[PDB]
Amino acid sequence: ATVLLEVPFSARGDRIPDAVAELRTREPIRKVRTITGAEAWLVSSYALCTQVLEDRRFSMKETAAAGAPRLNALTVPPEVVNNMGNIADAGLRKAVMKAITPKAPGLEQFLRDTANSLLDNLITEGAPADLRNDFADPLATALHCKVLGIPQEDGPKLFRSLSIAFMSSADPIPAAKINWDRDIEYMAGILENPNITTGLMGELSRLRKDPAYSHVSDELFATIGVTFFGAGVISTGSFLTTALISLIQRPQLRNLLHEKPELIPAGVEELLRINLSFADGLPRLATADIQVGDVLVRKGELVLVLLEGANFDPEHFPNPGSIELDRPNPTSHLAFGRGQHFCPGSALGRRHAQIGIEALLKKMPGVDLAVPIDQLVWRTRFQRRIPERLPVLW
Ligand code: HEM
Ligand SMILES: Oc1ccc(-c2n[nH]cc2Oc2ccccc2)c(O)c1
């Protein structure tokens, strides 16, 4: 006898387990057990993943309900799970979206300057260098301080919350509350700080004092700062890091992008498609009985949308494991999700990776791993897959 198949399958972000293709072919929706002991439906084909993400009856908000089957423990207050809904209801959606576009004057030049400075410092210190801790993550942190309008020097402390904040735990995490409350207090202070007049926090600070937003809560304003910093930094840092691994392991592609940097955006789109940064399927709770493939999902059940299931589906992306810059459907991947909860930071995430890679290939065209790839240490029980260190030489 064996127990029910458990998720997640592997914390490794450098290879996809054979089990994914097996499931997709034989049972593209099937029952699994999560780390909490709850059962869930794991969805692994492009067609069924898209169906679930495009049907709001599969609800993000309702995953926070007391007594629901859980993927993992909440690390934020339950009301915050409906973060974008709260922002929308407060009439703040357009303003937030405008503030986080990569098109702000000077933002791209800031990114390039920052990337180049980080790389120069690594070159000065000499190989080996750690491209996660001393390149990808600081670049993400710097970008988000700039986008938020907050001091660069405050980035490191806010960043240190994230190795706990984005845990995927079977049980509640006491440290997550301590850090959350402290970070909320910080953002509340920012809203009252006369020095803060640019970026997302500068804009929220002004809207907060405008009559049309007088009954929007201070808690919501602070929460927007905390969640956008955290989600943005962890997502961009983790994606860039694992994308660099995929690039390093493809010297032919690395050379092509070095020689023809105009191809970098198409390269980054393919790196998004094959990215294994999300450690768990995206969770939704059924609010009705809904047929998905051969399964009638019942009201109250948990569904997990496996992004790499969709993104490596050969029925949608032929030769799915290969990076091919000339696909006819290049942005149709699910790396940023789909539907109601599509990533609001997609443009900024793309630009972060494009500029980081462009800078790295120019400064370190001979970049390569400094340890055998199996020596990378993959973070466990976390909402992202990432190597603890990424040692390179050049
Ligand atoms: C390569 C970088 C990024 C990737 C791969 C990524 C991925 C995703 C995905 C897959 C979702 C959907 C979650 C779901 O439907 O359950 C999402 C949502 C979200 N992302 Fe991103 N993201 C990235 C960058 C960013 C950035 C830069 C920001 C903000 C600055 C951000 C903020 C958010 C927020 C606030 C949500 C919640 C949306 C909602 O609840 O409707 N992300 N992200
Ligand atoms: O400082 C932070 C920031 C974000 C989170 C978080 N945990 N889980 C999901 C998180 O971030 C979001 C982001 C958007 C909507 C809801 C939550 C967190 O646990 C701490």
Side-chain angles (χ1 to χ4, degrees), residues 49 52-54 56 58-61 63-64 71-88 93 96-97 99-102 136 140 143-145 147-148 158-159 161-169 173 175-181 183-184 186-187 199-200 222-243 268-269 271-273 275-278 280-284 303-305 307-308 310-311 333-354 356 382-384:
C49 286
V52 171
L53 292 178
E54 291 177 356
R56 288 192 71 188
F58 296 108
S59 170
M60 164 183 290
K61 170 177 56 176
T63 65
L71 170 63
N72 52 29
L74 289 170
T75 58
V76 298
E79 64 268 19
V80 178
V81 176
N82 191 40
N83 197 35
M84 285 295 288
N86 298 327
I87 291 167
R93 190 169 186 267
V96 169
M97 285 300 297
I100 64 177
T101 63
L143 173 61
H144 287 79
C145 290
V147 164
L148 260 69
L158 288 170
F159 171 82
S161 291
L162 306 177
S163 70
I164 290 171
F166 281 83
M167 279 176 172
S168 186
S169 175
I173 310 171
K177 179 170 164 60
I178 295 174
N179 289 333
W180 175 263
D181 291 346
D183 293 344
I184 288 287
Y186 171 85
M187 289 299 172
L200 175 62
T223 295
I224 295 170
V226 177
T227 59
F228 276 69
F229 181 95
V233 170
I234 202 67
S235 299
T236 59
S238 305
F239 169 65
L240 181 53
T241 298
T242 50
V268 164
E269 212 63 34
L271 290 161
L272 284 162
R273 183 183 64 81
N275 102 83
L276 300 176
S277 78
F278 272 66
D280 304 303
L282 307 180
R284 298 291 192 268
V303 180
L304 302 175
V305 178
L307 297 183
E308 66 263 43
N311 289 341
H333 59 77
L334 306 191
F336 294 118
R338 168 79 60 90
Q340 182 72 14
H341 297 287
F342 183 83
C343 180
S346 66
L348 188 64
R350 281 186 173 100
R351 204 66 188 114
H352 172 265
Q354 291 167 5
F382 197 68
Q383 290 175 41
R384 294 297 183 276

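Only heavy atoms go into these numbers, but all of them, side chains included; no hydrogens, no water, no symmetry mates. In this chain, residues are counted from 1 in sequence order. Counting starts at 1 for both ligands and their atoms, in listed order.
Here the heavy atom of the protein found nearest to atom 39 (C) of ligand 1 is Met84 CG, 3.2 Å. Of the protein's non-hydrogen atoms, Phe166 CZ, 3.7 Å is the one closest to atom 11 (O) of ligand 2. Of the protein's non-hydrogen atoms, the one nearest atom 8 (N) of ligand 2 is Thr75 OG1, 3.8 Å. Atom 1 (O) of ligand 2 has as its closest protein heavy atom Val226 CG1, 3.3 Å.
The option from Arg384, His341, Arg351, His352 that lies nearest to atom 12 (C) of ligand 1, judged by heavy atoms, is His341. Of the options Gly237, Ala335, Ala140, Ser238, the smallest heavy-atom separation from atom 5 (C) of ligand 1 is shown by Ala335. The residue from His144, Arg338, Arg93 that puts a heavy atom closest to atom 30 (C) of ligand 1 is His144. For atom 15 (O) of ligand 1, the nearest non-hydrogen atom from the set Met60, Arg284, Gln340 comes from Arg284.
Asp280 and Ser168 form a side-chain donor-acceptor contact under 3.5 Å, judged by distance and modelled atom types alone. Side chains of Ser235 and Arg384: a donor-acceptor N/O pair is present below 3.5 angstrom, by distance only.
Using a 4.0 angstrom heavy-atom cutoff, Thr236 counts as in contact with ligand 1. Ligand 2 has at least one atom lying under 4.0 Å from a heavy atom of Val80.
Remark: ligand 1 atoms within the under-4.0 Å shell around heavy atoms of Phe239 are 1 (C). For ligand 2, the atoms closer than 4.0 angstrom to any heavy atom of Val76 are 5 (C), 6 (C), 7 (N), 18 (C), 19 (O).
Polar contact check, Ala165 against ligand 2: a nitrogen or oxygen pair lies under 3.5 Å apart.
Among all heavy-atom pairs drawn from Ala136 and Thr241, the shortest one is CB-OG1, 3.3 Å. Of all non-hydrogen atoms in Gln383 and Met167, the two that sit nearest each other are NE2-O, 3.0 Å. Looking at every heavy atom in both residues, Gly349 comes nearest to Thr236 through CA-CG2, 3.9 Å.
Contacts of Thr223 classified as side-chain hydrogen bond (donor to acceptor under 3.5 Å, both in side chains), with partners at least two apart in sequence or in another chain: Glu219.
Contacts between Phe278 and ligand 1 below 4.0 angstrom, taking non-hydrogen atoms only, involve the side chain exclusively. In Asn83, the part holding a heavy atom less than 4.0 Å from any atom of ligand 2 is the side chain. In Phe228, neither the side chain nor the backbone holds a heavy atom less than 4.0 Å from any atom of ligand 2.
Taking CG from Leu348 and CZ from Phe228, the interatomic distance works out to 11.0 Å, rounded to the nearest 0.5 Å. Rounding to the nearest 0.5 angstrom, the gap separating the CE atom in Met187 from the CD1 atom in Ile224 is 11.0 Å.
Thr75 places a side-chain N or O within 3.5 Å of a backbone atom of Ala165 that can act as its donor or acceptor partner. Panel note: side chain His144, backbone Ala140; a donor-acceptor pair is recorded below 3.5 Å. Put simply, the side chain of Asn311 never gets that close to the backbone of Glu308: no donor and acceptor are under 3.5 Å apart.
Each protein N, O or S atom less than 2.8 Å from atom 21 (Fe) of ligand 1 was counted, giving 1.
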Indicate every side-chain donor-acceptor pair of residues 76-85 with a distance under 3.5 Å to a residue at least two apart or in another chain.
from: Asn82; atom 1: ND2; to: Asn86; atom 2: OD1; distance (Å): 3.3
from: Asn83; atom 1: ND2; to: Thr227; atom 2: OG1; distance (Å): 2.9

Ignoring hydrogens and angles, write down the donor-acceptor pairs under 3.5 Å from the side chains of residues 338-347, residues two or more places apart or on other chains.
from: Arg338; atom 1: NH1; to: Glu54; atom 2: OE2; distance (Å): 2.8
from: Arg338; atom 1: NH2; to: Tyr46; atom 2: OH; distance (Å): 3.0

Original post:
Would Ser161 and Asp183 satisfy side-chain hydrogen bond (donor to acceptor under 3.5 Å, both in side chains), going step by step from the backbone distance to the final call?
Top reply: CA-CA 8 Å; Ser161 291; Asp183 293 344; 2.9 Å; yes

